[PDB]
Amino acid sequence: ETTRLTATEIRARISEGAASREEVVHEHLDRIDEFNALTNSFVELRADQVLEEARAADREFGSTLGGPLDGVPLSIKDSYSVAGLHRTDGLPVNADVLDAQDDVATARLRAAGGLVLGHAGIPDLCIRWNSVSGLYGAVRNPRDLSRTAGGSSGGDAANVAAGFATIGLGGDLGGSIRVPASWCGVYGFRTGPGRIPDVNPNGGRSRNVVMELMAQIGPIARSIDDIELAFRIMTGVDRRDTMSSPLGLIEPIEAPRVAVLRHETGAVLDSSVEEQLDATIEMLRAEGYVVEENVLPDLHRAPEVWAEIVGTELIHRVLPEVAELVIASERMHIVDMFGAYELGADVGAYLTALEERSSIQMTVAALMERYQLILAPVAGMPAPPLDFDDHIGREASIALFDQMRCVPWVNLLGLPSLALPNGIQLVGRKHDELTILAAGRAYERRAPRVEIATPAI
């Protein structure tokens, strides 16, 4: 039953002598053993190794808690190095990549006492809203096994939603935290520029700054307290990441005004999503926020410019290098969807798109001085069937992109955003993470508490 509990509640049990760390870990591992065959969400376990950590801490500390994550089991996305685990990007060709060292973000979670159970499932290359890999197969939604878990952090979202771990760690370049979190009915927090360093001491490939500006690390959890705890532990400068900053956290702003994004990026929304947006508007208003509809300009270009920039790179640089190493469904997702938006081979087109990005960014930054939070859908539909994006072709891929238009503008503009379990998100300005989490509590105080799913056919 610690599988149903938040970090604070688990630590309370440990503090009172009601459970040992070893017992907490055993409960999660037993649950994983019972149901992970169905979800396929923990793809590489370190069961023996984490049990050793738990027992060691029990022997040394007993019911005294050490660091602020002592006793809390974690899921980590395959992409983030954990010393002694493999980092594969889903690809069989990388099955031999075994890391000697943690990434900085993972190191901080572990140094604080976090008990990493294993690596979580992902799509090949981490470029998909569906966590299907050549090495591990498909992650299924624990809330309904016929449905996608989302992606690219689908494994972590699924592990948290199923009670396999208390907190997960993902990344978000095009919705990789927010999409699976919302589709699995949990919280997912995409942090903002400067806070959490992305440092891999094992040696990563080197990236285009344009892509790095759109990507951030963040936690997935079943409560905002757990989101905040993981966020605070991971935040801090490391000068090995050029985009990391020594800037401290900024206290939540008094009385931010909230703008509603509904159709202003051209998204095609299900009635159920429109109804969740309406409900979330009213939760914020009841909390005392001023929330305004129909105040944003026409921003249909924002997700399109994201797809142009990302798609051009995927089609003209990435795919030529990795085409034969990825599963057919990954290749064809990139061709079918990003092929609709990629700008061709002329550098002049790519440069023009980069200028448009800056123009949109300027417009939105100016308006967010007035509307410091934007409330928006995440996906335009609830979790779709598992094969929703598998060899669906150009026309259907454009229709999918249209359903997801409230997602990737956030990445384009480099903004933090909290995805709520009901598929709505709170987007804030750069550096205003704590304002976002405060607003999130307006939802948390009113919506039913997140409960773990028991996967069943």
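Note that residue numbering begins at 1 and tracks the sequence as displayed.
When the C-alpha B-factors of 319-327 and 137-145 are averaged, 319-327 comes out higher. Comparing 60-68 with 384-392, the stretch with the higher mean C-alpha B-factor in the PDB entry is 60-68. Within the selection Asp226, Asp198, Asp298, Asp156, the deposited Cα B-factor values reach their highest point at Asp298. Remark: of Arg108, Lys77, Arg370, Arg178, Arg370 shows the highest value [criterion: C-alpha B-factor in the PDB entry]. Sorting the modelled residues of the chain by their CA temperature factor places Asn208 in the highest third. Per the deposited record, the Cα B-factor of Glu433 falls in the lowest third when ranked against the other modelled residues of its chain.
In this PDB entry, the Cα temperature factor of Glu287 sits in the top third of its chain's modelled residues, the highest group. Among all modelled residues in its chain, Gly339 ranks in the highest third by Cα B-factor. Among the modelled residues of its chain, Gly248 has a C-alpha B-factor that falls in the lowest third according to the deposited record.
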